[PDB]
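1. need a structure here:
(chains A, B, C, D, E, F and G)
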Amino acid sequence: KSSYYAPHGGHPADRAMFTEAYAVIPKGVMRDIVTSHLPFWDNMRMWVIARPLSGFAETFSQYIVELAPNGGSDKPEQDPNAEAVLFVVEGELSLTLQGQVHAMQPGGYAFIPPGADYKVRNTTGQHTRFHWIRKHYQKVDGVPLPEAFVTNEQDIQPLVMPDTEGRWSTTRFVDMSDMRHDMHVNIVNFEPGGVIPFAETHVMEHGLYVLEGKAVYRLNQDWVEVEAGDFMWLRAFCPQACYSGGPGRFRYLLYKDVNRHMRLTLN
Amino acid sequence: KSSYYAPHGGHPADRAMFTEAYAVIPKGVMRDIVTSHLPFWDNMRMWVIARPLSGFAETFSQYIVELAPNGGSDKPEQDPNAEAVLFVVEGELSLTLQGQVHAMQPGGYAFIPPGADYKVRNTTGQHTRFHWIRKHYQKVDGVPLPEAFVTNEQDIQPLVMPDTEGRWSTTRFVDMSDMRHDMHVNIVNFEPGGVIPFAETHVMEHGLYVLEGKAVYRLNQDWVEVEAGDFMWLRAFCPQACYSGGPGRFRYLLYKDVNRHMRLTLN
Amino acid sequence: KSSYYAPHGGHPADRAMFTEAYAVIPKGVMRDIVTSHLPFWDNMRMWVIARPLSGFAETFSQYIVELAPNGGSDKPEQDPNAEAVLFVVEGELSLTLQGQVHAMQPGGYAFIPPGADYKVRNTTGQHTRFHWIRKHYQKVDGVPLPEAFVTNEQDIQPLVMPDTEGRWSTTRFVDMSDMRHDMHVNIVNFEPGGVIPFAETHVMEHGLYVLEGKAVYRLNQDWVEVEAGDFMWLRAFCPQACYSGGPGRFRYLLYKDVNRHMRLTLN
Amino acid sequence: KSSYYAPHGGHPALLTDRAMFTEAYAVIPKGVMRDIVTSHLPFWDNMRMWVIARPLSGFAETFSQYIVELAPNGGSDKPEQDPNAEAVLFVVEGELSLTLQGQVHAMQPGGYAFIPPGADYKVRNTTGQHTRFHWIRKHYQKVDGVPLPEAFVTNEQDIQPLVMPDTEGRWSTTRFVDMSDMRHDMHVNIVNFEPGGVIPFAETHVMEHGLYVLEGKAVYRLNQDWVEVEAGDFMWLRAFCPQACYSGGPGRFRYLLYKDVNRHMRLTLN
Amino acid sequence: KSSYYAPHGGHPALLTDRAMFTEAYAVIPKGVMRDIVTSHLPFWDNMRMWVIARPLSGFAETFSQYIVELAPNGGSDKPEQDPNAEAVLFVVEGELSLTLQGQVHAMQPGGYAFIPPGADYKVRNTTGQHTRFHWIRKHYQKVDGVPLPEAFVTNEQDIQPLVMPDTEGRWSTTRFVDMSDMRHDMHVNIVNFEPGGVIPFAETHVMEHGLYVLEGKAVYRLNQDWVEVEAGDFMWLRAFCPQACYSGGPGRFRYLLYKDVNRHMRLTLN
Amino acid sequence: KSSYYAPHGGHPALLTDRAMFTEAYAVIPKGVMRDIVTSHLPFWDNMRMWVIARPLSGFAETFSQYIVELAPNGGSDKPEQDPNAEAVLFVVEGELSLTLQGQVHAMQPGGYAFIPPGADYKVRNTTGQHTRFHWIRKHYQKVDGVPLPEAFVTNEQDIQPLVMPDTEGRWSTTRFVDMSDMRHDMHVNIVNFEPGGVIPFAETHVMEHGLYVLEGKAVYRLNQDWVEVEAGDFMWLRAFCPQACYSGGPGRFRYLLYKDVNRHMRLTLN
Amino acid sequence: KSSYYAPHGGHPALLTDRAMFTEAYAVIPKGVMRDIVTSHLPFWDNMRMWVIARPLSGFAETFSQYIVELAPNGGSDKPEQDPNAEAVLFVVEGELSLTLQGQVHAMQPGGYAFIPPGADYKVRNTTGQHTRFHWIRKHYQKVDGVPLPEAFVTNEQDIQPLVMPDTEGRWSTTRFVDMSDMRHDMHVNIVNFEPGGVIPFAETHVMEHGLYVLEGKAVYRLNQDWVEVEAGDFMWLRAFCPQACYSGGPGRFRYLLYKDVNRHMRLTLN
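-> Residues are numbered from 1 along each chain as shown, chains lettered A, B, ... in the order given. Below is the structure in question.
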């Protein structure tokens, strides 16, 4: 059973980087007095992680939602063109997607298509913490909307990357040829093996959220230590290298937009 | 009775910082030959403080309005979706909000909902100076528009922050659970006590305007001196720390957007 | 009779600066193989000076138009909401504004309101060179559109700035209280006197184009030499200082937006 | 009574470090003083010390500072080998026994001792507890007509600090030698900052000199750069380096300071 | 008559500072000259001085400059202790009494005096008002066949400045020694800039040397960096450091300059 | 058996370079060791060496390191010309024949030899294959009462490394001299890092010292800067420079290290 | 025939400057060589020279280079005053008359002369036209058993350049001394780059050394930094500083280079 880091808050007693090619935001930012709130939610506090760097960072939104016992919402998503992914990192979540109910345990993944009616609720007596990644779905003629689904990463055999003595792999939730999806939320895995000189999986901007382990990542000529809870944002073409030395597995959640044309100025 | 700094101009006889994570604009910028003007205003000169840094800084607008005796306007706001907050820092202001008149003294706060009809006027024989913070209100189904109100900070007991030996507190004007509001204009207070390692109250971009005192603020790995009149703008996740050593109280006006989803590119 | 620098091109045989607060583009950029072209123009080559720095620099457009003898256009402006200013720096220009014809000599200034029908032509046997500054006019209820007019700077007595031993002045073309105008295209003049510690005339972004003389300008903590032909762009709050030491007068064309509210994100 | 920080070593086990090295200054955190980085000297029994010299390249070989830890029965009968070396002993923890000029002194924490060049002396730890002191060295500069400085022992807690004529008496200095005594070519004082306000000009020497925070915390400004410093941290200044202080701590903020004075500036020989 | 800036000390009480330290130069503002940062020398009565040496690390120990303030009756009968030290005295305020080579000179502000190595002399303030002068020191380099330079006293106001062959005569230099006099191994002149225009090449020495602004203000360019400087500021140049000047002030802008010349370059010994 | 990297020269033929020079450290890649950049010494037959001294300006003239390549029959009968020079020979490839103190030693790769100041010795390559060794030099500092260190020869593979009390025994050090032996004023050890985890504090000396990676690869942290290093790379540390290591390689990561110790800090003479 | 650039001075009258000063190198443009920045030496008639020494702080006092301009009848009968100074004369314009070792040589541009330490000689300009040459100085290091180097005169145009074994023979070097001649402790050669292609590794010395472009232009890479250089420009390298060259000019690109070799590395004395 894999373990995932989850923000708790507390009263604890800097590595925040902001460059022209990338940004690094340590977990130490996840404080109580900095949480946000959304309308129509009961017993809920979340941390927002969006617009890490100025510029083209309005494609995705990411929240780390915390639900107190008996918390949740019956009207979670207000935006109709918002597609999303649910990833539980701690506790149990009750998702009612399309009238279908699902008991999500840590490692639970769920893809909610735009417009779909759903609702979440924590019916346990313990706290439940999960990730919420949204994006305005990009429709395209001939390509039908993507279909919802609920699975668990622990049930998906990671696809081993052809290199680095097979120490590096990825866990996907959708077929690479599925043009119905316009975004991928995968988990990149690194064994405590050696050095991966080229760890880039996407050429355009995307975010990386460490879920477990420790490692010295190389963000464009710059080496920086990161651990479970830290977040990274890459502008584009931003070089990527990984030196996993931790005794355990080093993995991070990753989201990016794909299978679509590049946005052009409507001049 | 608390005192607030207010720009006067004069002919006085650099600390302006612009980084990738934050910006600092000293009060020495508030000069006569740099003031602005708005249509339909009588005897009025204001200083604009917006777009401190390039990028995502078009959410808020801030003006420090100066009204000469018998000055003001009967058609102050032209934008119908503009919500605002009025904060008098010197002199007396006569606000006619929703047909209701109010005599605002220094420390006067007022929330004007979008579309509301109001009008300001300085009926005294002295100059009146106040802050004007606007923003396009974000409507949301089921959540009714926020209701206007006029109060005075000196009449609001500051909420003491759970830390730093209770040397740090905040003065709010709206309930934290009030989903009707999409922006908060509060006053962060710092006692001449010790060092506050984590002074961040918002994770996304927001502005800070010092109203009183002096202090060495820590803007992301960078320590910079600030005093009443100086303004600070933080990109996002921009680390925050405060070392109030002044013999008196150190406080700054603060505005940020909240209780809403993060803006997503309409692709 | 005042003289103005004008780009010629030729085959001549670096000081280009780009910072987070300002930009400096030397005249040496005005080369033949880099000129641009607009539809419906006869015998014309122009140099574009826009978007000097990334971000909020799409408010204004500036072209330095060169007309060969018997050149010009009967359909110069295609954009209907584009207001403009014409400033001849060399040669004679024939402007037909609103059916009215004008013979513009060097120093000729002209304000063309949005939608107005006009047309330019060089009816001389010599080359004519002028500046073209455009902007989408911002209409506002109760405030009628601005009225056209043609004058010459050499006929406008500069307004002396209250400071620096009256060594610094400005030449305006519109009344400061004229809410009909949403942009000012003035000429800032500096006598070979002393040092002007505060030379900022606008708080928000604006452009400076040197027309004559030489001087060591201070762009936010940074001193840089500039001369007739050089262009400067300031982000906002960008500190400004001037040390005119040239034996003659140092002056630069200046454009900025004013008398209107600050643009707010339509969220 | 006054407190003084003293290294203990050890090897305690994500964060970077406040260590700095610029062209005007160098900041060295207390976390450097580890066990495996200690040094030793001939003829010393049960002794371990932390060296702090040459903080930055260039003209930084005038002074030498050590933080010596003597275990019970530790010390030496031939402490100094250099006949031109002058010194200042400052105990921060424990009790040191100094035999200087045929006079035995029982030094308690706070104890200050000045040893003139070539002076015979010896140190010993006669207690059952460890002792820790600072040892500042420099080659004494002899000037004709001026006699060598005479030794002496005392405790800073017995010296009334000379209050600076400003900042509402929130800044003072404790000296151990008369500013007019031309026999001394170096001063080792303690700068005291009350939890008061700001100190825009805290520079006390124009040339290079070291600062060792004995107690407290504060936001110090070293040439355009504000840095938090606490007891145990060492700051090295190059020359003309601006110094501003912002001592806001609840208690007193103070540091040991050493500099060379009352002499001509050394000029290259040709 | 000509004016000259002179420190007075004091301790005047938000702004940073123009102090700079780069790899090519160092700028030191007049605001450094405070009271608590003054120095002293043996055998000097009623004297306080501001030291200005080793502006930057490395090869910067050739010269030594002091700004001495003598109170009434102040001075010394054994001013120099170094037999190889040569000097140049330049009074900026008050009247100094110099006894050089069995000749007493009444020096008024502007007074320039050259003291050869090992030369006996003495200085005294016989007036009721304080006096302030600059004292530049250097070890003289003896060369076989060349006799030691002879002393002399004069006033710069009596010396016609040699105008530079350019910039429309808006730049000149006042010298106190014949450029061909190989007996001198150092020059201490005053560079004069008229309120004229620009000076793209203001470098007068290729190797390191100091500049002390005596009067005026200007925008000086030190290696790709423009910096405003005024009377009292000191600039130190490393070597080959580009120098451009932009003196636009209403009055005259000028600075005292010292450099070593007419000798071979010092080579490491092996 | 243990492996050791050894330069071979050559001139192999788009990429920049890992060479660094900061104010706290200097990294020198193995790619510097080219053929046309080799050096020579008098009285040496069939010898070529790569010099590695003065990595950075300032206080960096204490040690000298050479990487000597002797062709068959190469060597010398008058290897050292400096009577005060002490040395340490460390063969990395081939077999060296050392005659030290009237004792001939057949040194195999891994062979360590300490030669005391003024000691007579000679080196020769009696095999048909080339040999390569490191030669570290330093002027020995004599201290009265302490006798000169005695020579000795051995092989590091025969020395059990002293494991650091932490990091689960993933970090150790091999020493060739007793830490208490005050006769030695310098140590040349080998730091060993197991492919284990992180090492937040890898500093073993507080003052300046050199590091030469003999085997392995790792991500080393030199003052706020992480840099990949491999066998053949050399790192020079200034002082107090923070050191963190991240040896994740499949094999062992280790480097030769030399530093000066057990002596007083050198103070300018006046 | 070959051409060589030679300063002429003058004072020609918006652009910055290619002058650089980093922690690894220093670039000095030809535009520095102005008239008012020239130097002088005792016992020299009708002589003016441009000094180029101490380009950067630190270990940069080994060599001294001058560019001497002798007017007709100019020169000296006591040119060198330092008995340990060795030299290399390289005429770039005009004709110089050198009397070395009781042998008069008529040196034409391209003329190379090596003067051993303490050697008597003299230079004179017997023509009606000015003459210009380079004078490189260094204290010679004597080593027991090795005799002093013998003088000699020749012209580089008569020396066949040793082509580097690569880059298709587009890179070569002209030497004036046998690489095995241990009597010389310094080499002054000329590096020749054909208008060919790139040179990823142009470093010819590992330690510090100077480069003076005699002819051509090129884009040289000094430690991660590409800089355009032309005849008259001087580049100073610190050590291990990477060197890459991109000579694309229509003609030949070449520079005079001087470095110290065949000797042990200087170690601090203790």
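
2. going forward, measure contacts and count neighbours with C-alpha atoms only.
-> Will do.

3. Which one of the residues in chain A is closest to chain C?
-> residue A:55 (8.4 Å; C-alpha to the nearest C-alpha).

4. That residue sits in which helix or strand?
-> Using DSSP states H and E, residue A:55 sits within no helix or strand.

5. One more: the one 3 residues further on?
-> Following DSSP H and E, one finds residue A:58 outside all helices and strands.

6. those strands in the stretch 101-250 of chain A, which residues are they?
-> Along the stretch 101-250 of chain A, the stretches classed as strands by DSSP state E, counting those that start in this stretch are A:108-112, A:118-121, A:128-136, A:149-152, A:159-160, A:168-171, A:183-190, A:195-196, A:206-212, A:214-219, A:222-227, A:231-234, A:240-243, A:250-257.

7. got a list of what residue A:236 touches?
-> Residues in contact with residue A:236 (C-alpha atoms under 8 Å, 6 or more residues apart in numbering or on different chains) are A:21, A:203-206.

8. got the domain boundaries for chain A?
-> A:1-31+A:158-267, A:32-157 (curated CATH domains).

9. so which of these comes closest to residue B:106?
-> domain A:32-157 (28.6 Å; C-alpha to C-alpha).

10. distance between that closest one and the chain's centre?
-> Mean C-alpha position of domain A:32-157 versus that of the full chain (C-alpha atoms, centre = their mean, to the nearest Å) differs by 10 Å.

11. circling back to that earlier point, correct me if wrong: the residue of chain A closest to chain C contacts residue B:57.
-> No - here residue A:55 does not reach residue B:57: they are 11.1 Å apart, not a contact under C-alpha atoms under 8 Å.

12. Residue A:107 reaches residue A:153, doesn't it?
-> Yes - the criterion here is C-alpha under 8 Å, and residue A:107 meets it with residue A:153 at 5.6 Å.

13. out of the two, which sits in the busier spot?
-> Neighbours per residue, other C-alpha atoms under 10 Å in any protein chain shown: of residue A:107 and residue A:153, the larger number sits with residue A:107, 23 against 18.

14. Quick check, the residue in the stretch 151-267 of chain A closest to chain F?
-> Closest point on the stretch 151-267 of chain A to chain F, by C-alpha to the nearest C-alpha, is residue A:245, at 5.2 Å.

15. So that residue sits against residue A:214, correct?
-> Yes - if you go by C-alpha under 8 Å, residue A:245 and residue A:214 touch, sitting 7.4 Å apart.

16. who's more crowded, these two?
-> A side-by-side neighbour count of residue A:245 and residue A:214, using other C-alpha under 10 Å, places residue A:245 first with 26 against 23.

17. What count of nearby residues applies to residue A:3?
-> Counted with other C-alpha under 10 Å, residue A:3 comes out at 12.

18. So it versus chain G, what's the distance?
-> 44 Å (C-alpha to the nearest C-alpha, to the nearest Å).

19. With adjacent residues omitted, what lies nearest to that residue?
-> residue A:212 (7.2 Å; C-alpha to C-alpha, 6 or more residues apart in numbering or on different chains).

20. The one you found against residue A:227, yeah?
-> Yes - using C-alpha under 8 Å, residue A:212 is in contact with residue A:227, at 6.9 Å.

21. and the residue of the stretch 101-250 of chain A found nearest chain G, what does it touch?
-> Nearest residue of the stretch 101-250 of chain A to chain G: residue A:221, at 13.6 Å (C-alpha to the nearest C-alpha). By C-alpha under 8 Å, 6+ apart, the contact list for residue A:221 reads residue A:239.

22. distance of it from chain D?
-> Between residue A:221 and chain D the distance is 18 Å, computed by C-alpha to the nearest C-alpha.

23. One more: residue A:219?
-> Residue A:219 sits 17 Å away from chain D, going by C-alpha to the nearest C-alpha.

24. what's the neighbour count on that residue?
-> Neighbourhood size, residue A:219 [other C-alpha under 10 Å]: 21.

25. Spit out the contact partners of it.
-> A:22, A:238-241.

26. remind me, longest strand of chain A?
-> strand A:61-73 (DSSP state E).

27. Which positions in it come out as buried?
-> Burial within strand A:61-73, assessed by neighbour count using 16 or more other C-alpha atoms under 10 Å in any protein chain shown, is assigned to A:61-73.

28. same question, stretch A:196-206
-> A:196, A:199, A:202, A:205-206.

29. Reformat those residues as CSV; add distance to chain D.
-> CSV is the format used below for the buried residues of stretch A:196-206 (distance: C-alpha to the nearest C-alpha, whole Å):
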residue, distance to chain D
A:196, 22
A:199, 23
A:202, 28
A:205, 27
A:206, 25
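
30. among these, which two are most distant?
-> Top of the distance list for these (C-alpha to C-alpha): A:196 and A:205, 20.0 Å.

31. Provide the count of other residues in contact range of residue A:220.
-> 15.

32. Likewise for residue A:35?
-> For residue A:35, the neighbour count with other C-alpha under 10 Å is 21.

33. separation between it and residue A:207?
-> Residue A:35 sits 20 Å away from residue A:207, going by C-alpha to C-alpha, to the nearest Å.

34. same check, this time on residue A:38
-> Here residue A:38 is placed at a distance of 23 Å from residue A:207 (C-alpha to C-alpha).

35. picking up where we left off before, which of the buried residues of strand A:61-73 lies closest to residue A:261?
-> residue A:61 (20.2 Å).

36. partners of the closest one in the sheet?
-> Beta-bridge pairing of residue A:61 under DSSP bridges involves residue A:134.

37. list the contacts for it?
-> Counting by C-alpha under 8 Å, 6+ apart, residue A:61 has contacts A:48-50, A:132-135, B:262-264.

38. coming back round to it: quick one, which of residue A:38 and residue A:207 is more surrounded?
-> More neighbours surround residue A:207 than the other of residue A:38 and residue A:207, with 23 against 19 (other C-alpha under 10 Å).

39. right, and that one touches residue A:233 too?
-> Yes - Residue A:207 is within contact range of residue A:233, at 4.6 Å (criterion: C-alpha under 8 Å).

40. Mark which of the contacts of residue A:61 are buried, thanks.
-> Buried, going by 16+ other C-alpha under 10 Å: A:48-50, A:132-135, B:262, B:264, out of the contacts of residue A:61.

41. and residue A:60, how far is that from residue E:120?
-> 83 Å.

42. again, but for residue A:238
-> 71 Å.

43. swap in residue A:224?
-> 65 Å.

44. do the same with residue A:266
-> As judged by C-alpha to C-alpha, residue A:266 and residue E:120 stand 87 Å apart.

45. Also residue A:240?
-> The gap separating residue A:240 from residue E:120 is 72 Å, by C-alpha to C-alpha.

46. And for residue A:100?
-> Applying C-alpha to C-alpha to residue A:100 and residue E:120 gives a distance of 106 Å.

47. Ok, residue A:132 next?
-> Distance of residue A:132 to residue E:120, given as C-alpha to C-alpha: 87 Å.

48. Look up which residues are beta-bridged to residue A:129.
-> residue A:66, residue A:90.

49. Please tell me I have it right and it contacts residue A:71.
-> No - Residue A:129 lies out of contact with residue A:71 (C-alpha under 8 Å); the separation is 11.1 Å.

50. Close to chain D: what parts of the stretch 1-150 of chain A are there?
-> A:14-15 (C-alpha under 8 Å from any C-alpha of the partner chain).

51. Just give the number of residues close to residue A:250.
-> Neighbours of residue A:250 (other C-alpha under 10 Å): 25.

52. With just CA atoms, put stretch A:78-91 into CSV.
-> The C-alpha coordinates for stretch A:78-91 follow below in CSV (Å, rounded to 0.1, in the frame of the first residue of the first chain):
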residue,chain,number,x,y,z
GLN,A,78,-20.2,25.6,-10.8
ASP,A,79,-18.3,26.0,-14.1
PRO,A,80,-20.1,23.8,-16.8
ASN,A,81,-17.1,23.5,-19.1
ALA,A,82,-14.8,22.4,-16.3
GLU,A,83,-13.5,18.9,-16.5
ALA,A,84,-11.7,17.5,-13.5
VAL,A,85,-9.7,14.8,-11.8
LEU,A,86,-10.1,13.6,-8.2
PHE,A,87,-7.1,12.1,-6.4
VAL,A,88,-7.5,11.1,-2.8
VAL,A,89,-4.4,11.2,-0.7
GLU,A,90,-5.8,10.5,2.7
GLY,A,91,-9.0,9.3,4.2
